[PDB]
Amino acid sequence: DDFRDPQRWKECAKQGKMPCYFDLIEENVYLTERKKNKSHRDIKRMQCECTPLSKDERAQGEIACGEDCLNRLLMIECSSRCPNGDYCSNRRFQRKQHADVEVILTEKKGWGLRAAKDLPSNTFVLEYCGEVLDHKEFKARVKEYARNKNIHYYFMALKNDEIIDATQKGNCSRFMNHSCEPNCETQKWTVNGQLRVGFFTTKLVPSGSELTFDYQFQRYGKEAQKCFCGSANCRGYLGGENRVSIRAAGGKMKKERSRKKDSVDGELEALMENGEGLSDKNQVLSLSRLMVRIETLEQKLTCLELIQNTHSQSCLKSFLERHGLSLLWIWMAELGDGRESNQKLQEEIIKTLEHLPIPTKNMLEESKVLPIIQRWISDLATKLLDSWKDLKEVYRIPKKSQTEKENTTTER
Amino acid sequence: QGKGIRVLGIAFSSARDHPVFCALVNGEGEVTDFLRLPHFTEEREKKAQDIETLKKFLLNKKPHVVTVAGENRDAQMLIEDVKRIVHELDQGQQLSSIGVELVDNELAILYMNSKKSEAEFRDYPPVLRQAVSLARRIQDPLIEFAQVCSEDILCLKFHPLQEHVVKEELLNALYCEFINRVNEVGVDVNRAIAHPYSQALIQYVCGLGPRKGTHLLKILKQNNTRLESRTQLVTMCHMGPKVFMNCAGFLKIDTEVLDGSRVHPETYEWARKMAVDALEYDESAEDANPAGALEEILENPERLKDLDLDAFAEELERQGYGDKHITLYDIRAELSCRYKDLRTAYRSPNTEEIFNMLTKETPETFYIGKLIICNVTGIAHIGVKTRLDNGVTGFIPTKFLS
Amino acid sequence: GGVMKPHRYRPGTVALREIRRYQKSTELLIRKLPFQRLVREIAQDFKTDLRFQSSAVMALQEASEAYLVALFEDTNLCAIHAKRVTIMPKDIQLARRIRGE
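In terms of determination method and resolution, the entry is listed under cryo-EM at 3.6 Å.

Structure follows, in structure tokens:
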């Protein structure tokens, strides 16, 4: 049913009977690995304290480095300098001692695994292997890949700044599903100084029974997903109900002590990811707080674009209620010092003021925007003043009604 | 890479061990180089000399396409063999296969022995002249038509019934059609400044007559004035106000922003306003400074719902003294794309069309019942397959002979 | 679709890992400049305007670290005798009382 063969075959995507559409993978690979680690300065060797015999096996023979070893209890595999040498049983990630697995279809929720034969507790099954990302690439590739309409995301956070992708290349551990009654689990073992993720069993799994592991629940966009197991209390949904951010999903980078700018950029981008402006008053509040901290022209322009793309009258009213006009006034006053590079920001500010549902001229007078705009691109400001006063104009090209846009689309 | 494509006009004379001209002219209304291929499949049994000659010719240069002519079955077979060799050996450009599109030997033959052909090449054979003509006809028909006397148009017969009727009406209709096509496609001001191939195209312009175009070309050549903008002939004192008004929609320049389009000086302000409204950009004497509404709109349609037909018409009526209900679409098109070409697309020769172009004898000429002489020269299996009077493969089946 | 994190270490596992890591090595555990400032401050109470030798401060640091390590080694036995995992100030005080301090 697995049938690993190197020739690519005629199975599109489901990988149930023909595993050679993507590529498989050995122990994982890195991209920006530098020699800044605890590898060979204090973890040079962590040798167990064992006084073995090793001359009596198969008769009055205890297996070497059992559950009384100092390293197995602390989740460390031994090195080649073990006193047992080539008879130690800790080195399970290096001798590739695996379990008998098979991939067939069980439920319409997706593909998975079922146990071939009996398997006891605290037994290793498979190693999670993939491609190691880094700080910058994650938050770009994820938004580059969310627009590709994929169901399965093979992302696993090793540390607060490392996320492993098991999409382009993956071993047999990529098919394992989620259930609220877990019988296998994941452990963080340390081999050769590097951290690796493994899969252990917890009970006596019968021959022909399911082998899944519990997800530490997480969601990443606006949508939700639900589980189809329903053992006895199943939480219904993968990722639960609660939403968390791009950084919280990946673990937010250990900030290089540069600048503040990167936090503002990351929050601005999390606001922009929805692509349709502000959707709730919490987003409005976050934008209001960000504007106070934004110093760069690009960030100001991005905020103005987000406000313009916000179609929600309630969100616009909340932005006004939260002193949005004063926050815009700050940037407009900063614009006053006459450097040419500010023309585009001036135009975008005028557009945002046009888009904002300002109810009364008194609001602009109180926010002190009106004198700056009167001083102010000049025709954009004149159109803004004409919109705020009444009648004549710097003639405007009226924009065809939505009805007529639709009709002129359908007549082709 | 580069402006246009390198057309290799291949006009073979006979393809029977005789030199057939094959000139690789550039896509800028000019011929880059040429060559001859005396070797042909001459030799009664020589299936390698022609292939070697074709490979050497292909390796000599890097053409962008092949335009092979045709006269009879032998010519068609030679063209097919050349195309097959080029495709097999990737001889189109030396690094990929280039498809030789067949070109009927109808316009190239005429153009090779014309005044333009003689001036461009005097000490060159008629094979080279015909190859240059075919390349020109497969690169820019408008240039070739505008660079001919119109006698030159009268050379091509429209139909037999035209001879009986007065030829003056046919000439006037041809001149009118040419003028309309020139106006629709526009005229490149810089194209007729230094490139002889694209020169003398100011004879079929709307309001710019032959005498006016000749005077303008002479003034340009003397003063060294280039196509600065749509107002070049109004600023340099070369064209009168009436002439400028009549030929504003036909004159095009390389570079103002709306100089190389249908937008006239009267409609320049309206077009600028419309682009500003569509792009939602700032309006500040938008002729050259504001580059958003100009460059972005030209690069792609930025906002079309912004420009309303009713609003534009009302603005034109109130200020301008004219309704723009019909001219609004034209102004928007000129703003979005400059120097739009009104010519058709490239027409690949068809089976009947190819037969007419090369053999020059379509089945329409031959009718049932009339006596047609069949030259029986050979038989494949039973019948007698020979050549006819008009170069048609006349195959007499077993029925014809019993 | 979201990014799922694998798991959380069971508490005490990394604690024991650190126990081995710091019992294997031989280095200074205390922040040197703060230690130096502390020694200077408490020495100002006996004679104004003193001066120190670097080795004279290094020896103090070595002795202090050894003393604290021994104190904790005894206190851990006290806590275990009390049938507790967590270590308490009453355990520290008992250790000092029995030791004779």
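What follows picks up the thread again.
A. Geometry of the overall build of chain C. In terms of helices and strands, chain C carries four helices and zero strands. Counting from the amino terminus, helix and strand elements in chain C follow one another as α-α-α-α. Here the C-alpha radius of gyration of chain C, 20 Å, is well above what a compact globule of 101 residues would show, namely 13 Å. Principal axes of the C-alpha set define a box for chain C whose edges measure 65 × 45 × 25 Å. Split into buried and exposed, the 101 residues of chain C put 20% on the buried side. Long-range pairs, those at least 24 residues apart, make up 44% of the contacts in chain C between residues at least 6 apart in sequence. Counting only carbon and sulfur atoms, one obtains 58% of the accessible surface of chain C, whose full area is about 8400 Å². Here chain C contributes 19 positively and 11 negatively charged side chains, and the mean placements of these two sets differ by 8 Å.

B. Layout of the sheet that holds strand β4 (residues 65-68) of chain B. Residues and elements named next belong to chain B. The five strands lie next to each other as β3-β2-β1-β4-β5, forming an open sheet whose pairing is mixed. Since the sheet does not close on itself, it has two edges, and those belong to β3 (30-36) and β5 (100-102), each with one partner. Each strand of the sheet is rotated relative to its neighbour by a mean of 25 degrees, with strand direction disregarded. Bridging between strand β2 (residues 21-26) and β3 involves six bridges; their strand directions are antiparallel. Bridging from a neighbouring strand, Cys22 pairs with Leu35 of β3. Against the sheet, helix α5 (residues 126-139) engages β1 (7-11) and β2, with an angle of about 135 degrees to β1.

C. Main features of the pattern of salt bridges. A salt bridge links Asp42(A) to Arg21(C); its shortest N-O distance comes to 2.6 Å. On the criterion of chain membership, the pair formed by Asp42(A) in the segment before β1 (105-107) and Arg21(C) in helix α1 (residues 13-24) is interchain, its members lying in two chains. Taking the shortest distance from any N to any O, the salt bridge between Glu144(A) and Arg141(A) comes out at 3.9 Å. In this pair, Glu144(A) and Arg141(A) are both assigned in helix α1 (residues 135-145), three residues apart and thus about one turn of the helix distant. Taken together, the shared-partner salt bridges connect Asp74(C), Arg96(C), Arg99(C) and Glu101(C) into one network.

D. Up close: the UniProt feature "domain: Core Histone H2A/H2B/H3" (unreviewed entry) in chain C. If you check UniProt for "domain: Core Histone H2A/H2B/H3" (unreviewed entry), the listed places come out as residues 11-98 of chain C in our numbering. Annotated as 70% helix and 0% strand, the span residues 11-98 of chain C places its first and last C-alpha atoms 32 Å apart.

E. Spatial organisation of the interface of chain B and chain A. Contacts between the two partners involve eleven residues from chain B and, on the opposite side, seven residues from chain A. Elements supplying a minimum of two residues to the side of chain B that touches chain A: α14 (265-279) and α16 (309-318) of chain B. The residue inventory of the side of chain B that touches chain A, partitioned by class, reads five nonpolar, no polar and six charged.

F. The arrangement of the interface of chain A and chain C in detail. Taken residue by residue, the interface counts 33 residues in chain A and 16 residues in chain C. Of all the secondary-structure elements, those providing two or more residues to the side of chain A that touches chain C are β5 (155-157), β7 (184-191) and β8 (194-201) of chain A. No other element matches the four residues that β7(A) contributes to the side of chain A that touches chain C. Classifying every residue of the side of chain A that touches chain C by side-chain character gives 18 nonpolar, eight polar and seven charged.

Criteria and thresholds
Residues numbered from 1 in each chain as written, not as in the entry; some residues may be left out. Chains lettered and ligands numbered in written order. Part of a larger assembly, values for the part shown. Heavy atoms only, no water. Residues with missing side-chain atoms left out of burial classes, pairs and counts. Helix = DSSP H or I, 4+ residues; strand = E, 2+ residues; numbered from the N terminus. Rg over C-alpha atoms; globule rule 2.2 N^0.38 Å. Buried < 20%, exposed > 50% of the residue type's maximum accessible area, 1.4 Å probe, protein only. Contact = heavy atoms within 4.5 Å. Areas by Shrake-Rupley, 256 points an atom, 1.4 Å probe, with all protein chains shown as cover. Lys, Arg positive; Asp, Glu negative; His and termini not counted. Charge placed at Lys NZ, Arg CZ, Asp CG, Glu CD. Pairing = 2+ DSSP bridges. Axes fitted to C-alpha atoms, helices over the stretch in contact; angles between N-to-C directions. Salt bridge = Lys/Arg side-chain N within 4 Å of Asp/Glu carboxyl O. UniProt positions renumbered as here; feature names shortened; annotations may be inferred. Nonpolar A, V, L, I, M, F, W, Y, C, P; charged D, E, K, R; others polar.

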